[PDB]
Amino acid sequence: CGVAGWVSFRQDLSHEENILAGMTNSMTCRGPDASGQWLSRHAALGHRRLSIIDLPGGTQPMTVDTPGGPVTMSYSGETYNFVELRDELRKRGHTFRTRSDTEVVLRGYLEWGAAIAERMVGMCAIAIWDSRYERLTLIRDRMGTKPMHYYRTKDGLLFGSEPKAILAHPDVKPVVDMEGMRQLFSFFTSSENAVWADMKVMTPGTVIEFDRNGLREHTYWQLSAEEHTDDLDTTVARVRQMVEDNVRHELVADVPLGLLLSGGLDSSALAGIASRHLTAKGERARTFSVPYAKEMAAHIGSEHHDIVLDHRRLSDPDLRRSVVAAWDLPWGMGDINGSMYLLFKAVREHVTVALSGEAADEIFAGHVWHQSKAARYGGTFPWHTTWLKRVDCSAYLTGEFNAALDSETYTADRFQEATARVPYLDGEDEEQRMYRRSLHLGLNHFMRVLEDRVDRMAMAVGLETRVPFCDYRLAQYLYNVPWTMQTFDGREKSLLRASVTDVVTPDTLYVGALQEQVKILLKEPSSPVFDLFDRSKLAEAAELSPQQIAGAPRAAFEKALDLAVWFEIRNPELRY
């Protein structure tokens, strides 16, 4: 789905439908099935809907009339405990016209107010306007699976799932300050700064309230340091129980549902557990791959689909336009962005919902920067120590801009704020502390960028991606487990493999295209790309054999071509 809207205590928003439409319909991709509008004096809520649970009933924005006036909500996500919560609400005297999770969350707010955030389990980006208190409430899920942005106005607020929703407003100029560019040229780090000037990204597991008094933010959930009493056997048993419970609950939908099988222990674990639970409705599992993947398909007995991608398809400039348009920003990761776009586009032809194992590596300490001592004991983000050295395109920036970025100082400042946030138990040894820090930074910086990537790309083609591993309970639990247990097999995700032992059974041409597309760009030296990137160094890099180009220059090309596209479609005003 795609949530947008506008609050003001200065202007009458009763008849500003055309503006609200401009914000909402910009995310038509997110929800192609339907669109809705609810307008009032102080609040205007829009919604783009991808119908998953209850097609005719789950119409948004949904409104519940109260003695004090209407309570309208715009909701983008999936509450997996909407049956349990509806039973709890029925006992408290609530009557339900729909069989949608949407109504449960809205009547949930009627019961518990903002505290509904603490009772929901799954992914969500919610916008509630309460006419009783003339107060907006914005709720984002605990891990940050569903996005929400906001933009302060004079005695008012603009919000949307994607920046394009806010940018579509005529009182918002597309401005990017130096703090914006620093986050844009940042490498897999979370920030409130949404690159766009004065536009912010909602912190996962927070509720933003907005009324006449101003804007308020409350953290209803964050990772806590707690004593782990369970032994290895019980810890392995509990992980299975949680992963299984999550998979079972997230298979629930009124539309065709699929699985993303990459062959890795993560995807194969979700596929095997899902296959067993889908069999419980005679439902033949539908897997999708972009070696071990095809093997697991025959094991589950699934309707497998091998999506083949040629360098030509990954290099297509039209793809990079679609990718940058979805992201709203030039991240320069065309390879790993275009791949999952074409992957999700192929998946959408068959199924409307898909399960992914994306958060697994971040919760089960899977990545090499979780394992390497050098990375865990470094004075910067672990993934900077392992990769940045190669990917760093800072050599290929104009010295004037490179010196203005000060990426080393930014990265250092952001890392200090990030390590400060890490909760430790008292009397813990260095190994246990450096493990927590590793896992915290992974879940609150790296995993957030992947979640938003998986979301933006999937929602650009109208596909609902679900993430069983990306759960707060499973994250909370594994955070408190000692390092000893996480690598008890002397390998990554040992607790994952030990829990899923029964179900699981053991280009150069692309770069040539990037260089050709960069040579096309170099032909027009007026391009604002060359205010950021050195024209001379790109030409030099473009002139090389594709085999010679590797790492920093490849990253420079993907960044420059994204920037080229970005400057044409959004037309920003760089304050540089």
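Numbers follow the displayed sequence, beginning with 1.
Gap check for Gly399 to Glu400: zero deposited residues are absent from the model. In this entry, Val290 and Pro291 are separated by 10 or more residues of the deposited sequence that lack coordinates. Set 243-251 against 203-211 and average the Cα temperature factors; 243-251 ends up higher. Just going by the entry, 131-139 versus 323-331 on mean CA temperature factor gives the higher value to 323-331. The PDB entry assigns the greatest CA B-factor among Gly122, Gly113, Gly160, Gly301 to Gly301. If you compare the C-alpha temperature factors of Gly180, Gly108, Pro147, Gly427 in the entry, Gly427 comes out highest. For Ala365, the recorded CA B-factor ranks within the middle third of the chain. Only modelled residues enter the ranking.
Ranked within its chain, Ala285 lands in the highest third, by CA B factor from the PDB record. Sorting the modelled residues of the chain by their CA temperature factor places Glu84 in the middle third. Per-chain ranking of the deposited C-alpha B factor places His94 in the middle third. When all modelled residues of the chain are sorted by CA temperature factor, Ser224 is found within the lowest third.
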